[PDB]
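K.L.:
Here you go, structure19.cif (mmCIF, C-alpha atoms):
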data_run
#
loop_
_atom_site.group_PDB
_atom_site.id
_atom_site.type_symbol
_atom_site.label_atom_id
_atom_site.label_comp_id
_atom_site.auth_asym_id
_atom_site.auth_seq_id
_atom_site.Cartn_x
_atom_site.Cartn_y
_atom_site.Cartn_z
ATOM 1 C CA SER A 1 124.157 90.194 30.998
ATOM 2 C CA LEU A 2 123.041 80.618 33.169
ATOM 3 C CA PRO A 3 123.738 84.281 32.396
ATOM 4 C CA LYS A 4 121.896 86.942 34.362
ATOM 5 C CA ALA A 5 118.840 88.298 32.578
ATOM 6 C CA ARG A 6 118.372 92.048 33.224
ATOM 7 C CA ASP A 7 117.584 94.565 35.962
ATOM 8 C CA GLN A 8 114.145 95.784 34.843
ATOM 9 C CA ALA A 9 110.659 94.223 34.848
ATOM 10 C CA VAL A 10 108.606 96.768 32.893
ATOM 11 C CA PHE A 11 104.872 96.672 32.191
ATOM 12 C CA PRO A 12 104.157 98.659 28.995
ATOM 13 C CA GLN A 13 100.456 99.018 29.875
ATOM 14 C CA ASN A 14 101.041 101.716 32.508
ATOM 15 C CA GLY A 15 104.817 102.179 32.696
ATOM 16 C CA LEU A 16 104.989 100.294 36.004
ATOM 17 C CA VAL A 17 108.586 99.107 36.426
ATOM 18 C CA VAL A 18 109.486 96.406 38.953
ATOM 19 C CA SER A 19 113.128 97.300 39.621
ATOM 20 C CA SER A 20 113.795 94.073 41.531
ATOM 21 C CA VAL A 21 111.888 91.134 43.001
ATOM 22 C CA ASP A 22 112.608 89.964 46.550
ATOM 23 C CA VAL A 23 111.318 86.732 48.111
ATOM 24 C CA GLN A 24 111.606 86.415 51.881
ATOM 25 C CA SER A 25 111.193 82.805 53.067
ATOM 26 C CA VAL A 26 110.108 79.442 51.633
ATOM 27 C CA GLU A 27 107.420 78.275 54.109
ATOM 28 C CA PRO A 28 106.387 74.974 52.852
ATOM 29 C CA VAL A 29 103.221 74.715 54.854
ATOM 30 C CA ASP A 30 102.699 70.964 55.179
ATOM 31 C CA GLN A 31 103.835 69.261 58.380
ATOM 32 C CA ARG A 32 105.378 66.481 56.276
ATOM 33 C CA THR A 33 107.960 68.662 54.569
ATOM 34 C CA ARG A 34 108.393 69.772 58.222
ATOM 35 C CA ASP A 35 109.650 67.425 60.899
ATOM 36 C CA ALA A 36 110.593 64.891 58.197
ATOM 37 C CA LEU A 37 113.135 67.222 56.663
ATOM 38 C CA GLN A 38 113.850 67.604 60.360
ATOM 39 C CA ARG A 39 114.957 63.966 60.424
ATOM 40 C CA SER A 40 117.009 65.044 57.419
ATOM 41 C CA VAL A 41 118.453 67.709 59.739
ATOM 42 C CA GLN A 42 119.371 65.056 62.295
ATOM 43 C CA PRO B 1 77.665 84.948 32.196
ATOM 44 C CA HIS B 2 76.144 88.292 33.273
ATOM 45 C CA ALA B 3 77.352 89.693 36.607
ATOM 46 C CA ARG B 4 78.769 93.190 36.055
ATOM 47 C CA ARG B 5 77.154 96.047 34.159
ATOM 48 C CA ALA B 6 78.575 99.512 33.547
ATOM 49 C CA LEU B 7 77.887 102.444 31.246
ATOM 50 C CA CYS B 8 81.513 102.682 30.069
ATOM 51 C CA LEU B 9 83.610 100.339 27.927
ATOM 52 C CA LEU B 10 87.051 100.287 29.565
ATOM 53 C CA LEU B 11 89.610 100.634 26.764
ATOM 54 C CA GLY B 12 92.701 101.049 28.947
ATOM 55 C CA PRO B 13 95.042 98.146 29.706
ATOM 56 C CA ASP B 14 93.611 95.856 32.386
ATOM 57 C CA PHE B 15 93.387 92.187 33.377
ATOM 58 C CA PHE B 16 90.891 89.432 34.166
ATOM 59 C CA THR B 17 91.474 87.443 37.370
ATOM 60 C CA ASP B 18 89.957 84.375 35.724
ATOM 61 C CA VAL B 19 90.530 80.772 36.804
ATOM 62 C CA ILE B 20 90.140 77.920 34.313
ATOM 63 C CA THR B 21 89.637 74.166 34.849
ATOM 64 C CA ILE B 22 91.970 72.531 32.325
ATOM 65 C CA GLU B 23 93.030 68.917 31.815
ATOM 66 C CA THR B 24 96.396 67.832 30.417
ATOM 67 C CA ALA B 25 97.235 64.707 28.417
ATOM 68 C CA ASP B 26 97.886 62.911 31.724
ATOM 69 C CA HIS B 27 94.251 63.784 32.572
ATOM 70 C CA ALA B 28 95.549 65.912 35.464
ATOM 71 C CA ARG B 29 92.583 68.097 36.376
ATOM 72 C CA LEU B 30 94.024 71.369 37.649
ATOM 73 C CA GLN B 31 92.505 74.816 38.010
ATOM 74 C CA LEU B 32 94.727 77.782 37.274
ATOM 75 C CA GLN B 33 94.296 81.517 37.805
ATOM 76 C CA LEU B 34 94.810 83.664 34.708
ATOM 77 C CA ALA B 35 95.303 87.379 34.090
ATOM 78 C CA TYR B 36 94.781 88.134 30.363
ATOM 79 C CA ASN B 37 96.796 91.332 30.122
ATOM 80 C CA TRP B 38 94.607 93.093 27.556
ATOM 81 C CA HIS B 39 94.052 96.518 26.017
ATOM 82 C CA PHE B 40 91.820 97.884 23.284
ATOM 83 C CA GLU B 41 93.466 99.051 20.059
ATOM 84 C CA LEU B 42 92.195 101.843 17.801
ATOM 85 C CA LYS B 43 94.335 103.149 14.945
ATOM 86 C CA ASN B 44 91.877 105.949 14.060
ATOM 87 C CA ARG B 45 90.084 107.187 17.172
ATOM 88 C CA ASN B 46 87.486 109.247 15.299
ATOM 89 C CA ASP B 47 86.023 106.912 12.657
ATOM 90 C CA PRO B 48 82.423 105.969 13.567
ATOM 91 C CA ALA B 49 82.646 102.455 12.099
ATOM 92 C CA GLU B 50 85.816 101.397 13.921
ATOM 93 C CA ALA B 51 84.779 103.203 17.111
#
Take the structure in the file and write it out as structure tokens.

P.N.:
Amino acid sequence: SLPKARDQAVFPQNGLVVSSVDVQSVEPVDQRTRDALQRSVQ
Amino acid sequence: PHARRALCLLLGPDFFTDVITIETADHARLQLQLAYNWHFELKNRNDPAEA
């Protein structure tokens, strides 16, 4: 379509097609990414 | 080595949720979960030898 890839993630084994992939929120779990990037906030 | 046992040999596409313990050139010991998208292949599904 740098450039956009496609709009279809097909598995030929069973015909399962992942039309799109959606990721909700980046958690990072550790408390040190946490209120240390919070000093970055400040 | 020997955990599962079944009467049927699954020929359909499947996967193995295997984890390896590899080591890179920087000696970085990391385990990593694999899939191994596999499927059996038979060009002539009647021949006794190939089957």

K.L.:
For the file shown, report as a PyMOL selection string the outcome of the PyMOL selection byres ((chain A) within 12 of (chain B)) at residue level.

P.N.:
chain A and resi 11-16

K.L.:
Keeping C-alpha atoms, export the residues of the selection given above as a tab-separated table (two decimals), keeping the file's coordinate frame.

P.N.:
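Once written, again02.tsv looks like this:
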chain	number	residue	atom	x	y	z
A	11	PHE	CA	104.87	96.67	32.19
A	12	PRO	CA	104.16	98.66	29.00
A	13	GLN	CA	100.46	99.02	29.88
A	14	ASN	CA	101.04	101.72	32.51
A	15	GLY	CA	104.82	102.18	32.70
A	16	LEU	CA	104.99	100.29	36.00

K.L.:
Within 12 Å of residue 32 of chain B, counting all atoms listed in the file, which residues show up once you throw out same-chain ones fewer than 5 positions away? Write them as a JSON list (two decimals) with C-alpha atoms, in the coordinates of the input, please.

P.N.:
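Final file, result01.json:
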[["chain", "number", "residue", "atom", "x", "y", "z"],
["B", 17, "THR", "CA", 91.47, 87.44, 37.37],
["B", 18, "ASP", "CA", 89.96, 84.38, 35.72],
["B", 19, "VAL", "CA", 90.53, 80.77, 36.80],
["B", 20, "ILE", "CA", 90.14, 77.92, 34.31],
["B", 21, "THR", "CA", 89.64, 74.17, 34.85],
["B", 22, "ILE", "CA", 91.97, 72.53, 32.33],
["B", 23, "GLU", "CA", 93.03, 68.92, 31.82]]

K.L.:
What is the distance, in Å and to one decimal place, between atom CA of residue 6 of chain A and atom CA of residue 22 of chain A?

P.N.:
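So the two atoms, atom CA of residue 6 of chain A and atom CA of residue 22 of chain A, lie 14.7 Å apart.
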
K.L.:
What is the distance between atom CA of residue 8 of chain A and atom CA of residue 23 of chain A, in Å to one decimal?

P.N.:
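So the two atoms, atom CA of residue 8 of chain A and atom CA of residue 23 of chain A, lie 16.3 Å apart.
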
K.L.:
Report, as AutoDock Vina command-line options, the centre and edge lengths in Å (one decimal) of the axis-aligned box enclosing every listed atom of segment 17-32 of chain B, padded by 3 Å on each side.

P.N.:
--center_x 93.8 --center_y 75.2 --center_z 33.2 --size_x 14.2 --size_y 30.5 --size_z 15.6

K.L.:
Would you mind reading off the distance between atom CA of residue 48 of chain B and atom CA of residue 1 of chain B, one decimal, in Å?

P.N.:
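We find that atom CA of residue 48 of chain B and atom CA of residue 1 of chain B lie 28.5 Å from each other.
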
K.L.:
Report as a compact mmCIF listing (two decimals) with C-alpha atoms, in the coordinates of the input the full result of the PyMOL selection byres ((chain A and resi 7) around 9) when it is applied to this structure.

P.N.:
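Here's the written file result25.txt:
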# COMPACT_ATOMS: atom_id res chain seq x y z
CA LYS A 4 121.90 86.94 34.36
CA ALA A 5 118.84 88.30 32.58
CA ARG A 6 118.37 92.05 33.22
CA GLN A 8 114.14 95.78 34.84
CA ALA A 9 110.66 94.22 34.85
CA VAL A 18 109.49 96.41 38.95
CA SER A 19 113.13 97.30 39.62
CA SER A 20 113.80 94.07 41.53
